[PDB]
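Coming up is one lone chain in structure tokens, specifically the form deposited in one PDB entry.
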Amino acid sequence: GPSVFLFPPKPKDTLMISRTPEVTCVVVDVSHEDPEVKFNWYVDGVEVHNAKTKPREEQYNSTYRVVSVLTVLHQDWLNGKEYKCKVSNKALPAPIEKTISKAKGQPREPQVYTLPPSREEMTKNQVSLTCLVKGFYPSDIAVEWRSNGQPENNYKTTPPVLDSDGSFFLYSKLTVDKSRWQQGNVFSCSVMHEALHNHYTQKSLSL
């Protein structure tokens, strides 16, 4: 039987006013004898109609996959607003309804610390610049690296992990060429999360 999955917006989309948060309803395992499927949407049990359904898209396994995208008037998701996707199909006895909302509970602010490379690491041609982001909730976050204001490309970030206190932390490692680090270049870790003032913060880091 056909199955339904409901996906949240991306953290960045809800944090920037310059970006469109979307909620996505995916129907897989749609069969060939009855291609047609509903989409009906509810933000808090009141029916909306702003949703965009794409045409059904055949798959390797010879089942269909249908996607419906609802764009959220950004402040709603960010407010704990609750979103419901409901799908029925001639191959379904009764419709399937799935619900999604922002993680429920008290937002806790992240804490941003930058760490110089270890004194050993300078025997290497590239040193690691570290940003520790800890104490935050919910897990949704965005972290980027910047130098002189302009972006920085050569960084990687861990997935959010659960600390024993019930909150999350991650680390961000930016790899720079040791010369760039030693010449007194100032590097900057930038983190976005809803519990921050202005939804935003930096911490700087230099020799």
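Residue numbers here begin at 1 and follow the sequence given.
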As the entry reports it, the stretch among 42-50 and 26-34 with higher mean C-alpha B factor is 42-50
Residue set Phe169, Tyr60, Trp181, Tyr64, per-entry CA B-factor max assigned to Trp181
Among the modelled residues of its chain, the C-alpha B-factor of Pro151 falls in the third labelled highest
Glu144: CA temperature factor from the record, placed by chain third, in the middle
Here the Cα B-factor of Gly135, set against its chain, lands in the third termed lowest
Of the three thirds of the chain ranked by Cα temperature factor, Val191 occupies the lowest
Sorting the chain's modelled residues by C-alpha B-factor and splitting them into thirds places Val72 in the highest
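This next part talks about the form deposited with a partner chain bound, which is not shown.
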(message) At 4.5 Å between heavy atoms, is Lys90 in contact with the partner chain in the deposited bound form?
(response) no
inquiry  = With the partner left out here, check for me: in the deposited bound form, does some heavy atom of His74 sit within 4.5 Å of the partner chain?
reply    = yes
**Prompt:** Even though the partner chain is not shown here, does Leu78 get within 4.5 Å of it in the deposited bound form, heavy atoms only?
**Reply:** yes
